[PDB]
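Take a look at the structure below.
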Number of protein chains: 2
Amino acid sequence: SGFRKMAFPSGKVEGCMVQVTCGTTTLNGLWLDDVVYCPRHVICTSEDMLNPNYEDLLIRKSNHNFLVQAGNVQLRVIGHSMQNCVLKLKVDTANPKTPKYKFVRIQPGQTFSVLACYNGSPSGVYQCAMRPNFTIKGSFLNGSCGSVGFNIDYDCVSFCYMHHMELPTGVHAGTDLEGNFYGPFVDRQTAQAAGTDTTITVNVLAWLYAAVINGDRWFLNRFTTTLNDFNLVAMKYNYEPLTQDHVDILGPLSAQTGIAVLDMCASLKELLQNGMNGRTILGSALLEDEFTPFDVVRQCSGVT
Amino acid sequence: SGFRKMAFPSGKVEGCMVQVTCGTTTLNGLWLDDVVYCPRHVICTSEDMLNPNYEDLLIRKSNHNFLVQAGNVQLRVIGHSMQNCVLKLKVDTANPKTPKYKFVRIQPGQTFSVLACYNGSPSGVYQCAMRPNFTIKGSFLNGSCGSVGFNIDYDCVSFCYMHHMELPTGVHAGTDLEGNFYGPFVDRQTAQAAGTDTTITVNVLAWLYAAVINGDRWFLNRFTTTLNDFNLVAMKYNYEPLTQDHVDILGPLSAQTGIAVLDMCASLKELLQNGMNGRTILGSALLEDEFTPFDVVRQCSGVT
Ligand SMILES: Cc1ccncc1NC(=O)C(F)(F)c1cccc(Cl)c1
Ligand SMILES: Cc1ccncc1NC(=O)C(F)(F)c1cccc(Cl)c1
């Protein structure tokens with residue numbers, strides 16, 4: 001019992017963190033096998049970030065200009081290449097701590113853990129969701145670029161995010177491990193609009209199931225609704241429209257609790273229309289959308 | 001920018017987790033140097049937990065009855081001893097992954113990360129606070145006993161908690177690493193009263209400073225208060241009385257933001273008396289008390 005915003009154990013990722021320095025700039029790199037991945041803006045000076053020509057900036061750099069340090073270990077760089085917004089620094093030594101891993105591009109609404117790092121050293125771990133607008137509401141300061149987001153299934157780390165930048169609004173933007181930004185962002189010091197965000201409906205419903213499993217049941221009511229009716233309410237309250245695909249993924253939670261997905265939708269509809277009336281659900285006074293249905297099943301069963 | 005309920009990177013602790021089995025019961029153990037620490041109820045059967053005589057139960061056990069497994073590694077047990085509510089199993093091999101560590105007894109109101117484990121395998125990491133009533137509101141299921149709470153300063157892991165039990169109310173109880181329970185709890189399957197809990201005032205104030213540092217300033221007002229006046233409000237709303245010692249530890253945050261501690265107390269007083277009026281602070285619709293002033297300074301500066 002109890003439900004927490006749980007992050008994956010970060011050990012497998014900590015073993016991969018290195019410091020990357022180029023000229024004046026230092027940030028984090030991810031060392032997997034004989035390659036170190038880091039944001040390509042490591043090659044920029046503060047003045048270059050206004051409108052950087054990365055191809056031209058990288059041409060002035062040689063292998064010996066990229067200083068890669070794994071704490072006390074100095075890595076020898078034998079190749080460098082830019083792939084989208086990431087630099088891939090080939091090193092002469094494969095990381096002995098390389099876990100089984102994959103590079104994945106996550107979907108908006110999915111969750112992942114972040115290992116916030118500074119100067120190649122881990123400082124903390126937290127769980128977050130990729131917002132429907134492709135931003136993350138993380139906790140990052142200068143020097144945190146290169147910190148990565150990941151999920152872990154059995155012994156396999158699926159890397160899904162690399163931190164690149166903080167928008168003028170205080171929200172965060174980054175790329176997949178192929179250097180493709182999530183969302184419309186560009187790695188440049190320019191004001192950039194993040195799209196209109198929405199609340200992740202399927203996740204809120206999953207968290208309402210976790211609340212019932214753990215004893216918070218006050219919000220359950222005698223009503224039901226339809227996908228059509230619920231979606232009119234979701235539209236009014238800036239929630240993602242619920243689809244049959246979302247209902248299908250809530251099947252295990254509906255099956256465990258015996259509460260039909262549309263019956264849970266009617267509880268969510270009433271909470272949207274009436275608020276929480278000064279009460280809490282799983283220690284929260286708002287509707288939480290950072291737990292996917294898989295996260296709920298995992299935490300509620302005890303998956304290691 | 002951004003503020004998250006950040007846990008310590010769990011790597012150093014993951015390397016210490018083992019599975020301990022005795023008879024029919026399996027739980028988690030912590031392997032530090034040549035000793036494995038685990039809850040003493042590993043020696044009980046379900047029937048023994050009603051009113052266990054641990055001294056008598058441990059007398060029927062020999063070194064070879066304690067099966068300790070570090071994933072694939074089987075440890076040879078050469079000694080066993082009970083210290084308060086923990087068993088210390090001396091093994092013939094020192095854990096090569098033993099980090100620099102200390103055993104500490106934390107104070108109520110302090111925070112720590114928990115590495116939730118099942119069958120000696122880590123499943124997740126989360127940050128929590130030791131409640132003023134010596135319980136923790138964790139996320140633990142059967143098999144999680146032996147999971148530990150910790151803090152990390154530089155390269156040193158200070159172990160402060162070992163999970164033992166879930167109270168009938170769904171809250172959690174455990175011990176320091178010397179096996180002394182936090183609070184009045186006994187390791188027995190009996191209904192046990194947790195004391196009246198309070199909200200950790202100094203932590204709420206610290207989190208209000210973190211909110212100002214990160215841009216959420218709507219709650220700041222033109223008022224001030226005194227320790228006496230604030231404490232009359234804290235008493236009414238079941239908050240811990242604020243002391244000069246608490247004001248002293250808020251000094252760095254008062255110094256960074258230029259907001260006097262008693263001026264922040266007047267904002268907290270108004271939030272207690274009026275509520276949040278449907279607004280949020282750092283993504284929360286309630287007053288958060290799980291961040292200490294040290295946690296705020298650490299996260300806000302980037303301590304690794
Ligand atoms: C200061 C900070 C705080 C949190 N997270 C990241 C950062 N850093 C940045 O945003 C940046 F200064 F490195 C930058 C500027 C423009 C474009 C890009 Cl790609 C990167
Ligand atoms: C079931 C569970 C869920 C979460 N956290 C822990 C547990 N387990 C327990 O409470 C227990 F059954 F092992 C137990 C019973 C009585 C006394 C003691 Cl010391 C331990």
Side-chain angles (χ1 to χ4, degrees), chain A residues 13 16-33 35-63 65-68 77 79-91 101-108 110 112 114-118 120 128 130-131 133-138 140-150 158-169 171-195, chain B residues 2:
Chain A
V13 182
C16 301
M17 303 309 304
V18 295
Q19 174 192 90
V20 176
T21 300
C22 187
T24 69
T25 306
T26 289
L27 44 62
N28 307 281
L30 184 72
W31 182 22
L32 292 169
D33 303 320
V35 177
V36 170
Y37 303 82
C38 76
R40 68 181 182 168
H41 74 253
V42 68
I43 71 183
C44 300
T45 67
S46 45
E47 305 98 285
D48 289 327
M49 298 306 303
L50 308 179
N51 186 33
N53 186 314
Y54 289 98
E55 287 82 12
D56 289 349
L57 290 174
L58 187 59
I59 283 165
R60 301 287 158 246
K61 301 303 182 175
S62 296
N63 297 329
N65 292 135
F66 297 100
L67 306 175
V68 184
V77 178
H80 65 269
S81 68
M82 179 160 64
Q83 171 178 21
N84 303 308
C85 305
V86 294
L87 291 190
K88 299 193 287 192
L89 305 175
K90 203 202 187 189
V91 293
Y101 76 92
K102 282 176 193 180
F103 284 169
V104 307
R105 183 158 175 97
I106 59 146
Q107 291 289 306
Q110 293 306 112
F112 59 90
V114 169
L115 178 65
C117 295
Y118 295 89
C128 73
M130 171 64 67
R131 298 310 317 163
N133 73 355
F134 291 108
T135 57
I136 76 168
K137 298 173 179 178
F140 295 108
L141 296 163
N142 189 14
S144 65
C145 307
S147 301
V148 302
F150 62 95
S158 282
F159 292 95
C160 63
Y161 179 78
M162 177 168 278
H163 182 51
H164 287 242
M165 79 180 183
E166 189 160 72
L167 298 188
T169 66
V171 311
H172 304 112
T175 70
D176 58 25
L177 272 296
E178 297 206 337
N180 297 108
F181 264 94
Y182 284 102
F185 311 109
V186 285
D187 51 353
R188 185 187 165 183
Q189 179 61 51
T190 195
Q192 295 175 49

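Numbered from 1 within each chain, the chains take letters A, B, ... in sequence-line order.
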Worksheet item: If every non-hydrogen atom of A/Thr25 is compared with every non-hydrogen atom of A/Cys44, which pair is closest and at what distance?
Response: OG1-O, 2.9 Å
Worksheet item: Heavy-atom distance under 4.5 Å between the side chains of A/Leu177 and A/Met162, does that happen here?
Response: yes
Response to the item:
In terms of heavy-atom contacts, A/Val86 and A/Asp176 come closest through CG1-O, 4.5 Å
Discussion item. On a heavy-atom basis, which atom in A/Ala194 and which in A/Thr135 lie closest, and how many Å separate them?
Written reply: CB-CG2, 3.9 Å
Discussion item. Taking A/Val186's backbone N and O only, do any of them form a donor-acceptor pair with A/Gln192's side chain (distance below 3.5 Å, no angle check)?
Written reply: yes
Worksheet item: Roughly how far, to the nearest 0.5 Å, is NZ of A/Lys90 from CZ of A/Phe66?
Response: 16.0 Å
Worksheet item: Taking atom CZ of A/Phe140 and atom NE2 of A/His163, what is their separation to the nearest 0.5 Å?
Response: 4.5 Å
Worksheet item: Considering all heavy atoms of both residues, which atom of A/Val18 and which atom of A/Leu30 are nearest to each other, and what is their separation?
Response: CG2-N, 4.3 Å
Worksheet entry | Within-4.5 Å side-chain heavy-atom neighbours: A/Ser144 and A/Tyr118 | yes
Fill in: Residue of the set A/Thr175, A/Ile106, A/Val148, A/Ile136 for which side chain to side chain contact (heavy atoms under 4.5 Å, CB included) holds with A/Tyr161
A/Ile136
Fill in: Atom pair NE2/SG of A/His164 and A/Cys38 - distance to nearest 0.5 Å
8.5 Å
Discussion item. Taking the ring centre of each residue, are A/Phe103 and A/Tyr37 less than 6.0 Å apart?
Written reply: yes
Worksheet entry | A/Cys85 vs A/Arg40, side chain to side chain contact (heavy atoms under 4.5 Å, CB included): CA-CA, chis, key distance, verdict | CA-CA 5 Å; A/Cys85 305; A/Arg40 68 181 182 168; 3.8 Å; yes
Item to complete: For side chain to side chain contact (heavy atoms under 4.5 Å, CB included), just list the numbers for A/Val68 and A/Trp31, CA-CA rounded to whole Å, side-chain angles, deciding distance to a tenth of an Å, and then say yes or no.
Response: CA-CA 10 Å; A/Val68 184; A/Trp31 182 22; over 6 Å; no
Practice prompt. For residues A/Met130 and A/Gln107, determine if any side-chain heavy atom of one lies less than 4.5 Å from a side-chain heavy atom of the other.
Written response: no
Fill in: Non-hydrogen atoms of A/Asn28 and A/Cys117 that approach each other most closely
ND2-O, 2.9 Å
Item to complete: Could you check if a side-chain atom of A/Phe112 sits within less than 4.5 angstrom of a side-chain atom of A/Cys128, using non-hydrogen atoms only?
Response: yes
Worksheet item: Out of curiosity, A/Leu32 CG to A/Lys88 NZ, how far, rounded to the nearest 0.5 Å?
Response: 12.0 Å
Discussion item. Determine whether A/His41 and A/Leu27 satisfy the following criterion, side chain to side chain contact (heavy atoms under 4.5 Å, CB included), listing intermediate values before the conclusion.
Written reply: CA-CA 9 Å; A/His41 74 253; A/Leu27 44 62; 3.6 Å; yes
Worksheet entry | Distance (rounded to the nearest 0.5 Å) between A/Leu89 CG and A/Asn65 CG | 11.0 Å
Worksheet item: Given side chains that start at C-beta, do those of A/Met165 and A/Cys145 come closer than 4.5 Å, heavy atoms only?
Response: no
Discussion item. To the nearest 0.5 Å, what is the distance between CZ on A/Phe134 and CZ on A/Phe185?
Written reply: 9.5 Å
Worksheet item: Which atoms form the tightest heavy-atom contact between A/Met82 and A/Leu58, and what is the distance?
Response: CB-CD2, 3.6 Å
